[PDB]
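Going down the list, the sequences are from chains O, P, Q, C, D and E. Residue numbers for the first sequence, in PDB author numbering: 1 to 7. Residue numbers for the second sequence, in PDB author numbering: 1 to 7. Residue numbers for the third sequence, in PDB author numbering: 1 to 7. Residue numbers for the fourth sequence, in PDB author numbering: 5 to 375. Residue numbers for the fifth sequence, in PDB author numbering: 5 to 375. Residue numbers for the sixth sequence, in PDB author numbering: 5 to 375. Where is the CB? At the ideal position from N, CA and C, for every residue including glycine. One structure is given below, encoded as structure tokens.
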Amino acid sequence: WXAXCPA
Amino acid sequence: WXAXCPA
Amino acid sequence: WXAXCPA
Amino acid sequence: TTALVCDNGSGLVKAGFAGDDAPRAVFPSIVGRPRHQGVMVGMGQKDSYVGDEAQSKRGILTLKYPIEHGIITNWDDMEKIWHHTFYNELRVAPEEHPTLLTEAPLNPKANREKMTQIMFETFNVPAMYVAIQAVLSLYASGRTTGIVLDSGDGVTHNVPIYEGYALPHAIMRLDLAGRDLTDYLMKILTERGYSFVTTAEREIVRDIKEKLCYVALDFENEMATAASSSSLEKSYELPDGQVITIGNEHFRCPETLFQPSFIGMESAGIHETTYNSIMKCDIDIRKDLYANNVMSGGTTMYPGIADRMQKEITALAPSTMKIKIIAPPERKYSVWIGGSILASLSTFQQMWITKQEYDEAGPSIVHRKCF
Amino acid sequence: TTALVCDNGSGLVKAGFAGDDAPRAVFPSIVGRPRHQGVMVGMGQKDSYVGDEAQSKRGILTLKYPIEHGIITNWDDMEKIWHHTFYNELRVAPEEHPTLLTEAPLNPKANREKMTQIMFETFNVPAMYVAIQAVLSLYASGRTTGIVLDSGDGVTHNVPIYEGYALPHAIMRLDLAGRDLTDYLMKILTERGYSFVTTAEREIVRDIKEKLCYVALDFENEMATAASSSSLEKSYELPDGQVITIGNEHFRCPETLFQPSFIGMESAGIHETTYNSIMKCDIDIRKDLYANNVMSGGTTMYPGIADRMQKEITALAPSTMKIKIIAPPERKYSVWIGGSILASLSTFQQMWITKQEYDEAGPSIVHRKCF
Amino acid sequence: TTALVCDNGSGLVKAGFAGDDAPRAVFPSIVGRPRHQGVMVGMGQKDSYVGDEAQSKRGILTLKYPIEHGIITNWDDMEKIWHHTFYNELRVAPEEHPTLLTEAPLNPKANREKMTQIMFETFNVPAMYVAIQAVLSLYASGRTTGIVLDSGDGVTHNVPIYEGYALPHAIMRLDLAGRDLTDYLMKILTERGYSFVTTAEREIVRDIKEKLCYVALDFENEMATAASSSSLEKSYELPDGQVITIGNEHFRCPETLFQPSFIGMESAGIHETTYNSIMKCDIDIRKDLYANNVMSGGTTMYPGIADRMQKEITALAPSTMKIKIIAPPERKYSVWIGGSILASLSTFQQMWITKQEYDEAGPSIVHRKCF
Ligand SMILES: Nc1ncnc2c1ncn2[C@@H]1O[C@H](COP(=O)(O)OP(=O)(O)O)[C@@H](O)[C@H]1O
Ligand SMILES: Nc1ncnc2c1ncn2[C@@H]1O[C@H](COP(=O)(O)OP(=O)(O)O)[C@@H](O)[C@H]1O
Ligand SMILES: Nc1ncnc2c1ncn2[C@@H]1O[C@H](COP(=O)(O)OP(=O)(O)O)[C@@H](O)[C@H]1O
Ligand SMILES: [Mg+2]
Ligand SMILES: [Mg+2]
Ligand SMILES: [Mg+2]
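And the structure:
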């Protein structure tokens with residue numbers, strides 16, 4: 001992901 | 001170690 | 001060699 | 005000519021033409037690059053091995069999964085994997101066959117839009133489609149009502165559907181999946197004495213989890229039995245030849261699904277998320293949702309997972325309600341089978357995203373059809 | 005009487021009573037055995053020298069470290085080292101003083117259990133304890149929140165703690181340490197003319213690395229400056245009297261910490277592992293983790309390591325967040341200082357593993373208290 | 005015209021054009037100078053004999069090997085040997101033919117750069133290359149994966165290669181070789197009595213070692229049998245005409261390879277170093293490395309060395325792993341054959357170090373191509 005978690 | 005790496 | 005061993 | 009379904013999973017890419025009963029080619033979603041010196045000249049060393057070739061010689065490669073947790077991260081790596089699939093596995097020119105792809109629910113719109121753009125511009129597919137994986141799993145199951153637990157490799161989502169009317173508000177998405185279980189197994193195999201750190205060693209641990217791991221009916225009793233010096237001790241042979249012995253690690257790794265607090269995750273287990281998703285639906289619906297539980301994903305392939313989840317749900321659900329869990333033997337390829345069924349439907353042949361439709365709305369028409 | 009803390013490191017055993025501000029005795033964790041003929045008779049020639057005496061006459065000995073990467077390998081050698089410590093360095097009878105030890109995180113249950121068994125049976129310590137080294141380093145630093153980088157001689161772990169609640173899922177352990185840096189320095193000191201192969205020569209190379217080696221702020225620019233025939237050239241005097249000259253080797257050896265690919269290790273550098281461990285905690289925690297970075301271990305004693313890692317993390321971390329690295333002058337004995345502080349706490353006096361609690365559950369009760 | 009390969013060994017210089025299946029000229033790497041007076045005038049006693057002529061009249065010479073332990077010590081003598089080769093053995097002007105050399109791993113940047121400079125300035129070779137001997141041995145073996153044990157006369161290295169990607173961190177180099185074995189045989193021939201102290205007598209001892217010495221399958225049993233007054237007693241004839249009898253000395257001289265403690269060396273035997281090098285690679289590589297062991301050099305020409313090494317490795321390696329040792333009959337010229345194969349490759353024709361590339365970077369561009 002972009003915010004929260006990686007991906 | 002026992003498996004992986006020596007120790 | 002230069003240090004350690006001859007050569 | 006004929007549509008082809010390319011289910012891009014988070015670790016196993018499955019591709020094959022529509023109408024078949026099984027994927028034609030299944031290879032790991034791995035792109036590996038050389039790590040050591042290229043001393044030998046003239047033998048034919050490529051700069052990047054993709055797919056089964058990458059795993060064949062993983063001892064000199066740094067494998068990197070383009071998809072993590074159901075989201076593509078390295079778009080060049082995904083272009084490489086898609087080209088390798090289309091031109092080496094199916095051995096077809098993608099300029100003729102419409103392509104159907106699968107995406108997990110509750111995913112960034114940028115991901116799916118960029119996927120459509122790269123598949124529609126770099127290649128020349130005359131049409132394309134993106135469908136939710138659990139909907140395809142429900143299609144493969146042959147029914148029309150039920151709650152699907154598609155515990156993939158990177159994601160574990162849960163889409164409840166009644167009479168074909170999916171409820172896009174009880175959809176629960178969890179980030180626990182096969183990759184996290186493999187990482188936890190790597191972390192807890194250390195306790196016995198084996199620490200697998202490199203990516204190839206991670207693949208070895210994944211193989212160990214695939215071969216030996218299983219879910220106990222009751223965790224506390226199984227742990228006590230294992231600690232009481234019982235026969236619950238299997239042996240695995242590493243590629244180097246030396247044999248490792250696994251104690252209670254082989255039923256502690258898949259217990260993370262029912263207890264995400266093992267890896268410090270706030271969310272509840274898969275059984276509790278399924279019960280909550282069933283609860284969030286209408287009251288008159290769950291009479292069928294309880295009795296039409298559907299499983300998919302090769303992670304949902306642990307021995308005894310079905311009985312454990314049935315017991316947990318029956319404990320959570322009212323006592324006077326029949327809880328039936330459907331676990332077909334083809335759970336690993338259920339999403340692909342459903343995709344092949346859907347792509348061959350006569351009614352679905354109009355819901356494609358044609359090139360004329362794409363060229364007028366840009367890489368944003370993919371929101372015309374969202375499940 | 006009073007508890008004594010015996011931090012068993014991977015090359016430097018530190019022991020001393022609790023309440024003191026510095027270890028009483030620090031000697032190498034080396035057990036040396038004679039290698040040549042015992043020609044002279046009547047000299048009191050012992051069959052195994054342990055500790056400082058082993059290093060004093062290392063020219064006729066085959067030094068062997070019982071610990072490799074924070075792991076006990078030769079249990080007879082560790083029994084010898086512990087007996088030598090308790091009966092020659094502290095000069096106490098261990099049957100009275102409870103003993104506190106330190107163990108690296110993600111270490112085998114077998115190793116720690118065997119250590120507890122050998123101390124409770126061979127010696128008669130009325131109580132014992134095993135604590136994570138990073139926790140003791142945080143205790144010594146005087147704060148309660150932060151991320152500890154304890155880069156010892158054998159292991160380099162990283163335990164993030166917020167408000168005293170350590171997160172046992174962002175703990176990253178690396179096998180790069182002072183021993184591997186010494187081996188790499190031996191390998192690259194070849195390139196100038198220095199073939200250190202024997203164990204005594206390994207100790208000489210370790211001394212060279214301790215004295216001259218340092219971490220450059222920028223690696224490529226430092227390589228350019230060194231190769232441009234600049235003044236970056238120090239001289240060292242070997243024990244036999246011959247002076248050696250070191251060029252760029254003295255800042256390439258400790259760069260392996262930030263680039264483990266130098267010795268063919270897939271894992272990323274210490275800065276990248278620290279950033280990953282910080283990002284593996286909760287989002288609201290890193291406000292203090294970035295600003296409370298803590299260093300320990302005398303390897304972290306390379307000149308300029310703090311500035312280099314601060315620059316690397318600031319490059320990795322968001323630009324609008326303060327990155328502070330704490331490098332106390334007592335980094336070498338930080339773990340022992342924290343252990344002495346903890347063993348003297350009034351609250352900790354109940355968390356001991358008494359002999360009564362040991363003689364009931366066997367050498368497995370130690371998992372009552374794991375950090 | 006055509007490239008020529010001049011493998012500069014530590015006692016046997018092998019030179020010849022590329023594409024041939026065998027070296028054209030093989031002569032000892034010996035530079036001899038007169039030692040006695042010159043009472044005879046007109047006999048043409050030169051001031052320095054080099055090559056086969058030096059060994060022909062070694063009775064009045066003091067032979068001095070320019071290369072010791074694969075390291076050039078006397079550069080004037082090395083220039084003399086190179087000139088003698090190029091102008092008497094191959095009988096070709098070196099200003100036209102590109103030259104390929106062999107150098108041991110973990111060998112000088114200093115001496116290798118000096119050798120490049122001396123061949124680019126004293127001679128006018130339009131191109132030059134320096135390659136690791138073990139890589140050339142692997143080329144000659146015809147395979148692309150394996151672990152090479154090139155036990156030369158001055159050095160004994162071990163370079164493991166998988167799929168053409170050598171791992172430059174498991175490369176183990178040992179200083180035990182044919183010269184040290186000859187010195188040990190010289191020292192232990194004193195037991196039965198025959199002791200050789202001059203350089204010509206050292207050559208005689210080398211001939212004895214070449215002819216009679218062999219490696220026993222089990223050292224203890226063979227020693228007991230020899231000490232039990234058995235038939236293990238060979239006879240050799242000295243040049244003058246007197247016959248010496250060798251008892252257990254002939255199978256004790258090459259036992260130093262598997263037991264370097266005989267001459268007070270801390271390092272382990274060649275079998276143990278090979279096993280350690282195999283273990284230092286990745287876990288998934290060892291399956292092929294165990295079954296693709298490659299031997300080269302001539303101290304590996306001892307009868308029964310392959311069986312002894314296979315037995316020792318199989319004892320060390322896991323029981324369920326196939327251990328195969330490749331010992332081609334052309335082990336003596338394996339490095340030269342590999343060099344001839346490599347210099348004739350079409351892909352290698354661009355990896356040369358041209359004179360234009362040399363005149364811009366000075367005697368330092370050789371690090372453009374390091375194996
Ligand atoms: N026999 C097995 N036992 C346990 N897990 C398995 C087995 N076979 C495959 N898996 C798991 O299946 C996952 C890959 O298939 P799947 O669950 O369909 O996900 P994806 O399609 O995203 O790769 C991985 O997590 C893998 O470890
Ligand atoms: N001044 C120094 N410069 C570089 N390294 C040092 C220095 N002082 C100590 N060390 C390193 O510290 C290590 C030993 O102390 P420490 O880091 O606490 O580890 P351990 O307790 O496991 O022996 C060795 O790797 C040693 O080389
Ligand atoms: N048949 C043999 N028996 C014993 N030693 C041999 C034999 N053939 C060669 N050697 C030894 O091998 C060495 C020369 O060959 P090699 O090991 O390839 O070294 P180099 O590369 O210096 O020529 C010398 O030590 C020589 O005595
Ligand atoms: Mg899936
Ligand atoms: Mg420490
Ligand atoms: Mg050779």
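_As assigned by DSSP and simplified to three states, the class of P32(C)_ = strand
Notebook entry, point to check: Just to confirm, are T77(D) and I71(D) a CB contact at a threshold of 8 angstroms?
Noted result: yes
Q | Residue(s) in a DSSP beta bridge with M299(D) | A | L153(D)
Query raised in the report: Any idea if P6(Q) is buried or exposed, counting beta-carbon neighbours within 10 angstroms, 16 or more meaning buried?
Result: exposed
- Does the beta carbon of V96(C) come closer than 8 angstroms to any beta carbon on chain D? no
How many angstroms separate the CA atom of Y143(E) from the CA atom of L8(E)?
17 angstroms
| request: Determine, using beta carbons only, whether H161(D) comes closer than 8 angstroms to chain C. | output: no
What number of angstroms, rounded off, separates the C-alpha of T106(D) from the C-alpha of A114(D)? 15 angstroms
Which full runs of the beta strand (DSSP E) of 3+ residues lie inside the stretch 83-130 of chain D, going along the chain?
-> 103-107
Neighbourhood of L65(C) by C-beta, 7 angstroms cutoff - its chain only, sequence neighbours within 5 removed: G36, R37, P38, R39, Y53, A58
C-beta contact flag for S155(D) and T5(D) at 8 angstroms: no
Compile a chain-ordered list of the residues in the stretch 105-138 of chain E whose CB is closer than 8 angstroms to at least one CB of chain D. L110, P112, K113, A114
Q. Just checking my contact of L153(D) with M299(D) at CB under 8 angstroms: how many whole Å lie between their CB atoms?
A. 6 angstroms
Examine the Cβ distances between the stretch 8-24 of chain E and the stretch 88-106 of chain E and report whether three or more of them are shorter than 8 angstroms. yes
**Study point:** Residues within the stretch 229-255 of chain C neighbouring chain E, beta-carbon criterion of under 9 angstroms
**Key:** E241, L242, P243, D244, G245, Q246, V247
Check your understanding: Going by alpha carbons, who is nearest to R147(C) out of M123(C), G366(C), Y169(C), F127(C)?
Key -> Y169(C)
Figure out for me which residue from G13(D), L140(D), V339(D), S338(D) has the closest Cα to the Cα of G55(D). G13(D)
### Task
Taking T304(E) as part of the beta strand (DSSP E), name the residues at either end of that continuous run.
It is not in any beta strand (DSSP E) - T304(E) carries neither H nor E in the DSSP assignment.
> Comparing the C-beta of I267(C) with each C-beta of chain D, is any distance below 8 angstroms?
Replying inline: yes
Considering only heavy atoms of ligand 1, list every residue whose Cβ is less than 5 angstroms from one of them, following chain order.
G13(C), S14(C), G15(C), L16(C), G156(C), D157(C), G182(C), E214(C), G301(C), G302(C), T303(C), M305(C)
- Could you tell me whether the stretch 181-197 of chain D touches the stretch 330-342 of chain D, using the rule of 3 or more Cβ pairs below 8 angstroms? no
- Task: Find the nearest neighbour of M123(D) within the set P98(D), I136(D), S145(D), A135(D), judged by alpha-carbon distance.
- Result: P98(D)
Rounded straight-line distance, which links the Cα of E205(E) to that of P258(E)
19 angstroms
Using the beta-carbon of each residue, which ones in chain Q are nearer than 8 angstroms to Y188(D)?
Per Cβ cutoff of 8 angstroms: no residues; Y188(D) is ~17 angstroms from chain Q at best.
> Can you tell me whether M82(E) is buried or exposed, with buried defined as 16 or more other CB within 10 angstroms of its CB?
Replying inline: buried
Can you pull the DSSP bridge partners for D292(D)?
-> Beta-bridge pairing links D292(D) to no other residue.
Review point. List, in order along the chain, the chain O residues whose C-beta lies closer than 8 angstroms to that of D179(C)?
Key: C5
By how many angstroms is the C-alpha of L346(D) removed from the C-alpha of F352(D)?
7 angstroms
List, in chain order, every chain E residue whose beta-carbon is nearer than 8 angstroms to that of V201(D). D179, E270, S271
Out of curiosity, what's the CA-to-CA distance linking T149(C) and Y166(C)? 4 angstroms
* Asked: How big is the Cα-Cα spacing for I289(E) and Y198(C)?
  -> 18 angstroms
For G63(D), return the contacting residues in chain Q, with the cut-off set at a CB-CB distance below 9 angstroms.
-> Within chain Q, no residue comes near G63(D); the closest Cβ sits about 14 angstroms away, beyond 9 angstroms.
For the stretch 73-102 of chain D, which residues have a beta carbon sitting closer than 9 angstroms to at least one beta carbon of chain P?
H73, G74, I75, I76, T77
(request) Below 9 angstroms between beta carbons is the criterion; list the residues of the stretch 36-57 of chain D that meet it against any residue of chain E, in chain order. (result) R39, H40
| request: Please confirm whether any heavy atom of ligand 4 lies closer than 7 angstroms to the CB of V339(C). | output: yes
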